[PDB]
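Student: got the complex split up, this is the first portion:
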Amino acid sequence: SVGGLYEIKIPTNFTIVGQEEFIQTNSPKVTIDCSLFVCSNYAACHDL
C-alpha cells in the first residue's frame, strides 16, 4: 500500500463471451436376450 492505497487493474472495456457445456443425462437403453445370445437357434444348447 502506497500510504493507504493499493494498485489494482480495473476493466475499462468488456464483451460477453459464450461457453458450451454438454451434460449427459441419458444413455442407449441396451437390452439383451440372454437365451438368444448364449444359445442362438440350437435346441441342444437351450436344453443345457
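Tutor: Sure thing, it's come through. Numbers count the residues shown, from 1 in each chain, chains lettered A, B, ... in the order given.

Student: residue A:40 versus residue A:33, what's the distance?
Tutor: Applying C-beta to C-beta, to the nearest Å, the value for residue A:33 to residue A:40 is 10 Å. C-betas here are computed from N, CA, C, even on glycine.

Student: my bad, should have said residue A:24
Tutor: From residue A:24 to residue A:40 the distance is 34 Å (C-beta to C-beta).

Student: please say which of the two ends up with more neighbours.
Tutor: Neighbour comparison, residue A:24 and residue A:40: the larger count goes to residue A:40, with 9 against 5 (by other C-beta atoms under 10 Å).

Student: mind checking which helix or strand the residue nearest to the spatial centre of chain A is in?
Tutor: The centre of chain A sits closest to residue A:24, judged by C-alpha atoms, centre = their mean, with a distance of 4.1 Å. Assigned by DSSP states H and E, residue A:24 belongs to no helix or strand.

Student: okay, chain B goes in next:
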Amino acid sequence: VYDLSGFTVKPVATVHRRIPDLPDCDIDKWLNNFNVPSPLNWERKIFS
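Tutor: Placed with the earlier chains, chain B looks like this:
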C-alpha cells in the same frame, strides 16, 4: 411390457450341393489287399 424370447424365421427350403459324377473311393479294395504291411513299414493311402 414383456420382451418375449427371441424367435428365428423358419427355413422354407433346403439347399444341398455336392460335386456330381465323382468316382468311388475303393477303400475296401485297398484294405482287403492280401499283401498286408507290418507296423514297421505301415502304408498310407490318400482318398480325395
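
Student: helix or strand: which one has whichever residue of chain A sits closest to chain B?
Tutor: Going by C-beta to the nearest C-beta, chain B is nearest to residue A:36 of chain A, at 3.6 Å. Applying DSSP H and E as the criterion places residue A:36 in helix A:34-39.

Student: what does that helix contact?
Tutor: Residues outside helix A:34-39 that contact it (C-beta atoms under 8 Å, 6 or more residues apart in numbering or on different chains) are A:45, A:46, B:5, B:6.

Student: let me know the closest of those residues to residue B:19.
Tutor: residue A:45 (32.2 Å; C-beta to C-beta).
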